[PDB]
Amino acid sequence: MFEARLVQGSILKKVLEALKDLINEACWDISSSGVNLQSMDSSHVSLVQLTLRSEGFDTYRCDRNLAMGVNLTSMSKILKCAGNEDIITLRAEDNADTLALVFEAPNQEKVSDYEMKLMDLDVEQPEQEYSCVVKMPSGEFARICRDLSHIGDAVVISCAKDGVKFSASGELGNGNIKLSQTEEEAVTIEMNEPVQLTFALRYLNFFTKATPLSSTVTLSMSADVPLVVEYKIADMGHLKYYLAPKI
């Protein structure tokens, strides 16, 4: 059996709001260390990697390792039936067709319990050091991507020790945003060697749906390899987006 009890159900809600639009079905790897998810989008352009530590759950139990095939859209609809202050408990048997969700509403005066059908999915499957790493406010990054979406299709991210630059171009003109280095409102840069890559704003605007998960976001960049957009899930783990560059 697998039984995880999380008092901050809002985390779960936000996570699925952050994943449902980029990937529709994903395989949940359940292990003694926690719940991991790793899936590529349908177009094979970005990769999503979610890590939820077992120690971040208020109670955790996992007899054998599990691979739950979850349709993320359905689980998103069901989690819409959970209040932000609800205590959410996931529970699934080993030879289970279904995953059970329990919403224990704050006021021990309401208890919802839903049952979701699973699918036969089967699993898919390294950490690096990057030339340039930018730590900046998450809402700021979301704003930048959304605004440059009005200007062009792709954003050119240039990373140096004196700031980070996003640039876009389109038929009505072009734009350049420069963020200079300056605790949760700060922009700090760790630079190994300068970088410059180009990415599709569509996918970044998919990634920024995870903004309610963290006040800060980090971008890891290296020449000719995918970009890493990382949102720390406080006390629980992290949510990572990998975007292949344009070449």
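Basically, rigid core = biggest C-alpha set you can superpose within 1.5 Å across the two forms. Position 1 is the first residue in the sequence shown; the rest follow in order.
- Taking the rigid core as the alignment reference, the C-alpha atoms of 116-124 lie farther on average from the displayed form in 5 other deposited structures of this protein than those of the other stretch among 116-124 and 159-167.
- Superposing the other copies on the rigid core and comparing 215-223 to 185-193, farther C-alpha placement in 5 other deposited structures of this protein marks 185-193.
- Per the record, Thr182 and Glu183 are separated by a gap of 4 to 9 residues from the deposited sequence that were not modelled.
- Deposited sequence between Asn95 and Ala96: no residues lack coordinates (chain continuous).
- Stretch comparison (126-134 versus 85-93) by mean CA B-factor in the PDB entry places 126-134 on top.
- Across the two stretches, 151-159 and 101-109, the PDB entry reports the greater mean Cα temperature factor for 101-109.
- Residues shown: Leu79, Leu72, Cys145, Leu121. Highest C-alpha temperature factor in the entry: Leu121.
- Ranking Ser220, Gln49, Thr188, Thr208 by Cα temperature factor from the entry places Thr188 first.
- When the CA B factors of the chain's modelled residues are split into thirds, the value for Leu16 lands in the middle one.
- Among the modelled residues of its chain, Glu55 has a C-alpha B-factor that falls in the middle third according to the deposited record.
- Sort the chain's modelled residues by C-alpha temperature factor and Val225 lands in the highest third, per the entry.
- Among the modelled residues of its chain, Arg61 has a C-alpha B-factor that falls in the lowest third according to the deposited record.
- Sort the chain's modelled residues by C-alpha temperature factor and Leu197 lands in the middle third, per the entry.
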